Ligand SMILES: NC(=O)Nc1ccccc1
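Before any questions on how it binds or moves, here is one chain, the form deposited without 1-phenylurea (PHU), in structure tokens.
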């Protein structure tokens, strides 16, 4: 699980987010271009707060073992003990947002429900580890195959101490505001139940095939003082994203429950899973 810097050969960018980037590299210790492709995350530049967070992220992912969480492979170092890069499995079908847009006409509602169930199970597992994800969105889901997706980034994830079932951040966060639960917008509170809110938005993303014209940003902005206050207002009045075109009624009802105003009245991932499998 220790990868030597000198054997990581840089090929291409796979994505970026939250002060980090993921690159496609070949781990090629023979130097003949036959080594395994890996996905390698690093900070885009040096930062002391970001480095502390990055080491924590690595320890979170290292301790996750699930069919629905991207596989941790190891780390590369540089000044010891200074983690330079997080090495993960590379899954070439890539991000679910991109995959849905491209294969839209090939994937039916059963496939979307399968993806929904897999994401829900990943999240049930995450919450069992006292991990709050905080950034659940289709952009952070990875496609292993046409019938298998995995939660694939943990840049903002936090571990809940044993005696507190939420965490409050000091500043407002810097993620697109359209996945945030009301209590995160109003009071920077995050919990496993704000993850459920975000999962409702992920269901919306799936059933819109991440179409840009009716995306959470496009549609909320169209429906919508500062933007965050307008969105909070809109949400506090009980307005919600509209059912996606052709959305099964049962799924739309599940989204609405995920979007209960109060965190306590949202269903658990434990409860959602069986309901998704039933559908």
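Positions refer to the first chain, counted from 1.
Beyond what is shown, the protein has a form solved in complex with 1-phenylurea (PHU); the following relates to that form.
* Report whether the minimum heavy atom distance between residue 220 and 1-phenylurea (PHU) in the deposited bound form is within 4.5 Å. => Residue 220 belongs to the contact set for 1-phenylurea (PHU).
* Asked: Taking 4.5 angstroms as the cut-off for heavy atoms, does residue 240 touch 1-phenylurea (PHU) in the deposited bound form?
  -> Flag for residue 240 set to yes.
* Should residue 269 be classed as touching 1-phenylurea (PHU) in the deposited bound form when contacts are defined as heavy atoms within 4.5 Å? -> Judged by the heavy-atom cut-off of 4.5 Å, residue 269 is well away from 1-phenylurea (PHU) in the deposited bound form.
* With a 4.5 Å heavy atom cut-off, would you call residue 216 a contact of 1-phenylurea (PHU) in the deposited bound form? -> Because a heavy atom of residue 216 falls inside 4.5 Å of 1-phenylurea (PHU) in the deposited bound form, the answer is yes.
* Would 1-phenylurea (PHU) in the deposited bound form be within 4.5 angstroms of a non-hydrogen atom of every residue among 197, 201 and 235? -> Contact check passed for all of 197, 201 and 235.
* Asked: Where, among 45-53, 27-35, 227-235, 243-251, do residues come within 4.5 Å of 1-phenylurea (PHU) in the deposited bound form by heavy atom distance?
  -> This holds for exactly one stretch, 227-235.
* Who in 258-277 is close to 1-phenylurea (PHU) in the deposited bound form, meaning a heavy atom within 4.5 Å? -> Residue within 4.5 Å: 259, and no other.
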